[PDB]
Every structure is written in structure tokens, then in C-alpha cells.
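Visitor: Got a sequence here, can you model it:
(6 chains)
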There are 6 protein chains.
Amino acid sequence: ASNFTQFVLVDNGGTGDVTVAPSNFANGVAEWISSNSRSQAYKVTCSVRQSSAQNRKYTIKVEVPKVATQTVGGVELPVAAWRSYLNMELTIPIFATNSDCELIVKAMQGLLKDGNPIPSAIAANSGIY
Amino acid sequence: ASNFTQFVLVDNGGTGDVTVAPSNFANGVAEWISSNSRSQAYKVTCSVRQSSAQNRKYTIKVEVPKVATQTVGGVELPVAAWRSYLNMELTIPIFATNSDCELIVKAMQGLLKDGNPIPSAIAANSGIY
Amino acid sequence: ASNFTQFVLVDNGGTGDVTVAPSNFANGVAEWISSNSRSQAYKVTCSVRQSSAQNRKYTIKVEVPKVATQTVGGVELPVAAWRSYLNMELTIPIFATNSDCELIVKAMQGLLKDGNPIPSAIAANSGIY
Amino acid sequence: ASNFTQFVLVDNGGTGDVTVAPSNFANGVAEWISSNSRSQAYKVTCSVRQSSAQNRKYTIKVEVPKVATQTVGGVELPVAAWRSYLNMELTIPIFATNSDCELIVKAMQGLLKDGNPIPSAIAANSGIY
Amino acid sequence: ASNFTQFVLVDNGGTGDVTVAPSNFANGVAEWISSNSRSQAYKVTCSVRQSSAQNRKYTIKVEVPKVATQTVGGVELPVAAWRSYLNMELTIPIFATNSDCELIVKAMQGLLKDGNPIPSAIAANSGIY
Amino acid sequence: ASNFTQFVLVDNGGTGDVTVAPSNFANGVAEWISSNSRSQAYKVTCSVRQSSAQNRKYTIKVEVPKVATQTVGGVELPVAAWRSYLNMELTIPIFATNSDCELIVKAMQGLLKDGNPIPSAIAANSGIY
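Guide: Numbering: from 1, shown residues only, chains lettered A, B, ... in the order given. For reference, the structure is listed below:
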């Protein structure tokens, strides 16, 4: 066990799956990037710090690039036309059991399950109503 | 559409599921709450605004009760020993089409799929190693 | 479910019932007015805010108009000769269960039930003695 | 008349009713209390004065105990975690006849009838949505 | 009950219809936006406020994009080549009953009815002649 | 050929219809006024001008009178008790073809179509909720 492993970030059903792999842990920040140039890569980072005396805080970030090829100076360079940024902070009391922590993980994945309100809004460029 | 409905936040497989239902919409912030006192409820909120000239941000917040040794309906203090707080900000460029937003949603749910490192670190009360 | 619905404010037994309907929610204040001109309408507003860290506070207001027709500049305008103002604030601890909250609602309606002391005093232009 | 009598504040239909009885009249403020310690009692007070040259105000206050997980007769601290406070001010113009005051009472009890939005938001621990 | 919902802004047949869906209601400004890239989206907003003691004033705004692709340096972005901007202010005295408001609405839709002088001048890049 | 003609501003059935007929076209402002006393008349004006190098801007204005009789000193005059004032500005870039103008017109009439949120909020003295 070492949980610092590769995983598939975007499952496009076997074909065109975006999978991300361990790439750095300098300064206590675990980083995973996809197999692209650093200019076009998906990136995921994660770090935990004991924020208060009684809390721990996980900070997770995801960058999703829209790839493009730009001509700069008559030369074509692999580029990301824009990136989208997910940025999440989770603060957990030190008194939380592993069963308590599993509840948090289940709530977070239920939140984004296909068909529930929030994933639907995002995917439609809509708000909730 | 009409996104604002009840949904299952924690799926404990049929029995013991936690459903969260619409409870407030003041200021266009959709709130969903579970059937509990506000001090012990699972609570979810979501809102969207154009954050900059080039971006929109979804702000999503979740609060999850510490359940081990909970006294249902009891007055449990300090509040911070008994609650976890999730805070997600998703910044999406105004150029993103719906297909782009679909992919962002898939990246978000891939991050948290069971077995992948971030959910299993959280659930095991751990960092990355 | 959306609890923002129309309701009858004054039940004059089917005939001359004053009924009030959703009319605004700007700034998180739910407003209902009766079907009159805005100068002669009954108005009801309601808003909830988390006042303290451990409290929530509901602020409910009702305006009851005494309608009249006034001649201003030789022209007759629909007007309210005076309005009566009910103004109530309810502060509930976050530790209150839904069964605890039902008790509050039952106490508030018992307070104003026909024949109990306070409704009798108001209706008679009397104090309590 | 003689308004100042006992009445049923919470009608749980015969069995489990909460009756509140006259308990103080210092300064012409009628107080009614239930049969409990003053820290756990249902308490009601009511007074009336001419607030301005044109108006009278009834000030009515209710305190309701948090009952889930209550220890009867116990010392429960903090007081604020265990109590809800209602505060109503009714301003009625000096022109209002008794019929007018009857209607104001009906508006007040319509606001709180079961099924109408404000009582059902409160009881469900919710805002308007 | 809610009027903050999705609706058809352009019935352009029953297929190329443009629909606008609720997006944000911050600060008393209801905003609706069509789907896909916000950069090419139609936008409608509406807000009502008591402009004077006697008047309420609605401000309604609509933006109609000309859809296009910007290509700069080989990078293509979905953009609006330009937008037409409708902006309208409707002032209504508080003495208007609901029937007077219906008439104001019929005047507005008569003004723009198909075949009448103003809609057909606009539709033809033309003035009055 | 002429579009400066009489037209129906309110089809209020096929009988109480309000028709507005050309009155004056001085200084590039087309004005139409309904018949009988100018004091109780509906008024519509429209003017188009090149607001910028790239834009033409239509200004359309409508006034809806509440008909009434002023009686002062025993002398009665037909007056408008008050007027609602619609004022709209539509900016269209010179690149719009006639088809783009038709679409702008369909957006305008969709906005005010019967049953959609803005016309029905106005019609009911209401905001968005």
C-alpha cells in the first residue's frame, strides 16, 4: 500500500480515458499530471495540514485544459486555450472516526452522481431552479 | 428542466440512505437539508455567478455531521467538534460549451470514485504516502 | 413541493376571503400581496437568517389596510386610510429538532385561537385583566 | 369580561396538552406560565399601550422549551441552546373599530394556520423555496 | 409557485427555439441565460424597485448575440461577433390595480405585434417613413 | 409605401381596442396619439439614430393613461389620473442583416409573450420569485 498511485480522472469508457499519474511530492503536495506536455496537462494536487488544533484540512485542486495549438512567431506550440479550475477545501474535526470520514466521502460522491441537481446544472451551463 | 429537487446524498444502498431536500432559495442560493435539527443536518448549498469577465464560478458547500457517538436531537457542543465542512469552487471559462462542462463533471466524479487515492486517503484518515 | 404558495390570510367563510399570493423574492425576502393595487394590498413578508452562530431568526410581517378612496386634486385615487402592522421575530436554537419546531408552531397557533385571552383582548380593544 | 385565565397553549388533542396559567401581573403585564421550572416553562406575556398619538401596540412574547433530549427539572446550560423566543408587536391605529380588530385577529390566525407556508417552513426547519 | 423559470425567448419554429433558463438572482436581479457557452448566450434580466413613493419601476434587459468563431493564432474560440442590447424601463404608479397592469401588458405586446409599424421598421433595418 | 400609420396598440377584444393614429413627425420623432382628449390619450413615439459609428439605436416610448375626471370648483375636466411610462432603447450594430433584425424582433415579442415570466409578473403587480 502507498496510496500515491495513478488513476483515471475522466472515464470516457475505455477510449480516450484521461488518466493521471504521480508526478511530484515536493513540499508535501502530492501532484498527479496526465501524460502530456506540461503546457497541456490535466493536473491534480492534494495536501493535508492540521489547520487548527482540532481540525485537519485537505486542499484538493484539479485543472482541466482545453487544448489547442497556437502559432507564436510563425512556430506552432502545444498550448491550452483555457483551463478550468476546481478548488476544494475539506475541514474535518480530529474527533472523526474512519466511519465518520467514509460518510464524508459518500456524501461527496453522491453530490456529483449523474442525474443529481448539481452535476446537471454544471453540465448544462445552467443555475439551479 | 427544474434542477431543484430532492436527491440522495449518502447512498447506503436503499436502507439508511440520506436524502437531502430543497429548503431555502433566498438570494438564488439553492439550499438542501436533511431531516434533522440544523445542528445535525447534512446540508448542501449551490450558487453560480459570473466571477470575472472571462469566468463563471459555481460555489458549492456541504456540511456533514460527525455521527459516531452522536446523540440525536441532543445539544452537542462545541459545534466544531461535530461538523465537517466542504467547500468547492469551480471556475469555468465563458468559452466552455456544454460538452466541455460534461467533461469537467466527469473529471470531478473521477477524482472521487472509490478506490482512487484522494477518497481513500480521506476515508482512512490519511495523507498521501 | 415549493412552499412558496398562495394562501388565504383572512377566512371570511368562503365569501370575501382575503387571499394572498407569491409576489417577490428579491433579496431573500419572500413577499405575498393580495390582489389589489399596491396601494390597498394586504402584504406578508418572511425571511430567515442565521442570526448568531447558534440561532436562526425568522422575521415575519403582515400589513392589514383599511381601504378608502381619496380625492386628491379633484381626482379619486384608491388608497389605504391606515394600515395595521404585525411584526414578529422568532429566534430558534440550531439544536431544535423538527418535532421541537412543531411545538413552536403549535404554541403560536394556540396563542391566537378563538376564545383564548390574547385574541379576545385585541378584538375588543381591551387590555388583559 | 376578565381575560386573564388559564388556556391551552399547545393542544396535543386532550392528552399531552400544555396549559399555561396566570402567574404575574406586575406592571399590568399579564404573564402566564406552565407547570415547570422557570428554565423549562412555556411562558407567555402580553401588554398594550398607546405607542404614539395615532397608534396602540400590543407587545406579546412567548418562550418555548427545546424538548428533544430535555432532562425534566435538570439544569440545562447554555440557556440559549434550550429556548426559542417569539416576539410579536401589533400596531393598530386608534381609528380601528372592534370589527377592524376582529379582522386583524383573523389575519393573524390565517398566517399561522396549518398547511400555510410560514408555519410549514418553521416546522420543517426551512426557509421559503 | 415560481415565475423564475425557463422560458422560450425566440420560437423560431418549434426547433431552432431559443430558451433561456434561470441563472442567478443576486441582489434582486433575476437573470436567465441560454445554454452552451456563456460567450454566445442570450441573456435576460429583470428587477423591480420602488422608484419613488408612488412608483414602482421595472428594468428589463435582453442581449441578442451574433454567434461566431474567433480565430487568433490558430486557436479558435466560440464568441459573439457582436450583441444587440434591448433595455426597457416600465414605471407603474402604486394606484394601478391588476387590471390596469394587464392593460399595460397588452399595450406592450400590441406595440411589438407582428405587422405593426415599430416591429416591422426594426425588422427591416428601417426608421419610420 | 408608409409605416407611419394607424395601428392597434391594445386589442382588447375587437371592440374596446385602443388605436393610435399618426400625429406629428417633427425632428425625426414619429409620434402616434389615440383619439379624443389629448389629456386622456395614449401616446407612442419612435426615433432611430446612429448612436455610434457602428450602431443604430431605436428609442421607443409608450404612455398608458388611467382615465379620470378632475373636478375642481365644480368644473370638470377629462384628465389622466396618472400614466405608466414605458421607455425602451434598442441598439443594433450596422453589421446586422435583415434576418438578424427579425430575430431581435422575435426575442422582443417572446420576452413579452403571454404566460412568460416578465409579462405575467408585471400583470400581477409582482417581481420575480
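Visitor: CA atoms for contacts and neighbours, from now on please.
Guide: Will do.
Visitor: For residue A:121, grab phi and psi.
Guide: phi -70, psi -50 (degrees, to the nearest 10).
Visitor: element containing the closest residue to chain D within chain A?
Guide: Chain D sits closest to residue A:129 of chain A, with a gap of 9.8 Å, by CA to the nearest CA. Following DSSP states H and E, one finds residue A:129 outside all helices and strands.
Visitor: which residues touch it?
Guide: Neighbour list for residue A:129: B:2, B:3, B:4, B:30, E:4, E:5, E:22, E:23 [criterion: CA atoms under 8 Å, 6 or more residues apart in numbering or on different chains].
Visitor: What is the neighbour count of the fifth one?
Guide: Using other CA atoms under 10 Å in any protein chain shown, the number of residues around residue E:4 comes to 24.
Visitor: Off-centre distance for stretch A:56-73?
Guide: The chain centroid and the centroid of stretch A:56-73 are separated by 10 Å under CA atoms, centre = their mean, to the nearest Å.
Visitor: And the residue sitting furthest away from the middle of chain A, how close does it get to residue D:32?
Guide: Outermost residue of chain A with respect to the C-alpha centroid, by CA atoms, centre = their mean, is residue A:74; its distance is 34.4 Å. In this view, residue A:74 and residue D:32 are 88 Å apart by CA to CA, to the nearest Å.
Visitor: and what of residue A:61?
Guide: 58 Å.
Visitor: Looking at the two, which one has more neighbours?
Guide: Here residue A:61 and residue D:32 are compared on neighbour count by other CA under 10 Å; more neighbours surround residue D:32, at 23 against 19.
Visitor: helices or strands up against the one helix or strand the more buried one maps to?
Guide: Here residue D:32 sits within strand D:30-33, counting by DSSP H and E. Packing contacts for strand D:30-33, counted by 3 or more CA pairs under 8 Å, 6 or more residues apart in numbering or on different chains; DSSP states H and E, involve strand D:18-24, strand D:43-50.
Visitor: Which single residue of chain A ends up nearest chain F?
Guide: Going by CA to the nearest CA, chain F is nearest to residue A:129 of chain A, at 10.7 Å.
Visitor: Residue A:93 against residue A:58, yeah?
Guide: No: look at residue A:93 against residue A:58 with CA atoms under 8 Å: they stay out of range, at 11.5 Å.
Visitor: and residue A:3, which of the three is it?
Guide: coil (DSSP: H, G, I helix; E, B strand; the rest coil).
Visitor: who's in contact with it?
Guide: Here residue A:3 is in contact with B:117, B:120, B:121, B:128, B:129 (CA under 8 Å, 6+ apart).
Visitor: what angle do the lengthiest helix in chain A and helix B:98-111 make?
Guide: Counting by DSSP state H, the longest helix found in chain A is helix A:98-111. Here helix A:98-111 runs at an angle of 170 degrees relative to helix B:98-111 (axes from the mean of the first three to the mean of the last three CA atoms, to 10 degrees).
Visitor: Between strand B:43-50 and helix A:98-111, find me the angle.
Guide: 40 degrees.
Visitor: Run through who's touching helix A:98-111.
Guide: Contacts of helix A:98-111 (CA under 8 Å, 6+ apart): A:116, A:118-119, B:8-11, B:64, B:66-68, B:84, B:109, B:112-113, B:119, B:122-125.
Visitor: In helices only, show me these.
Guide: Per DSSP H, the subset of the contacts of helix A:98-111 in helices is A:118, A:119, B:109, B:119, B:122, B:123.
Visitor: How much space separates the fifth one from chain C?
Guide: Distance of residue B:122 to chain C, given as CA to the nearest CA, to the nearest Å: 27 Å.
Visitor: what's the closest non-adjacent residue to that residue?
Guide: The shortest distance from residue B:122 to any non-neighbouring residue, by CA to CA, 6 or more residues apart in numbering or on different chains, is to residue A:101 (6.5 Å).
Visitor: That neighbour: neighbour count?
Guide: 24.
Visitor: Kindly provide the distance from it to residue B:35.
Guide: As judged by CA to CA, residue A:101 and residue B:35 stand 21 Å apart.
Visitor: ditto for residue A:90
Guide: Look at residue A:90 and residue B:35: by CA to CA, they are 23 Å apart.
Visitor: Look at the two and report which has more neighbours.
Guide: residue A:90 (21 against 17).
Visitor: Report the beta-bridge partners for that one.
Guide: residue A:58, residue B:86 (DSSP bridges).
Visitor: was I right about it contacting residue A:51?
Guide: No: using CA under 8 Å, residue A:90 is not in contact with residue A:51; the gap is 10.8 Å.
Visitor: Now the common contact residues for the two.
Guide: Listed as contacting both residue A:90 and residue A:51 by CA under 8 Å, 6+ apart are residue A:57.
Visitor: wait, what's in contact with residue A:46?
Guide: Residue A:46 touches A:29, A:30, A:31, A:58, A:59, A:60, A:61, B:118, B:128, counting by CA under 8 Å, 6+ apart.
Visitor: and the closest residue to the third one other than its chain neighbours, what is it in contact with?
Guide: The shortest distance from residue A:31 to any residue that is not its chain neighbour, by CA to CA, 6+ apart, is 4.4 Å, and that residue is residue A:45. Going by CA under 8 Å, 6+ apart, residue A:45 touches A:29, A:30, A:31, A:32, A:59, A:60, A:61, A:62.
Visitor: So of those residues, which two are at opposite extremes in space?
Guide: In the contacts of residue A:45, the most distant members under the criterion CA to CA are A:32 and A:59, with 14.1 Å between them.
Visitor: Relative to residue C:46, how far out is whichever residue of chain A sits closest to chain C?
Guide: For chain A and chain C, the shortest gap (CA to the nearest CA) falls at residue A:129, measuring 10.9 Å. Distance, residue A:129 to residue C:46, by CA to CA: 20 Å.
Visitor: How about residue A:22?
Guide: Looking at residue A:22 against residue C:46, where the rule is CA to CA, the gap reads 52 Å.
Visitor: Equivalent analysis for residue A:63, please.
Guide: 42 Å.
Visitor: which of the contacts of residue A:46 has the most neighbours?
Guide: The residue in these with the most neighbours, by other CA under 10 Å, is residue B:118 (26 neighbours).
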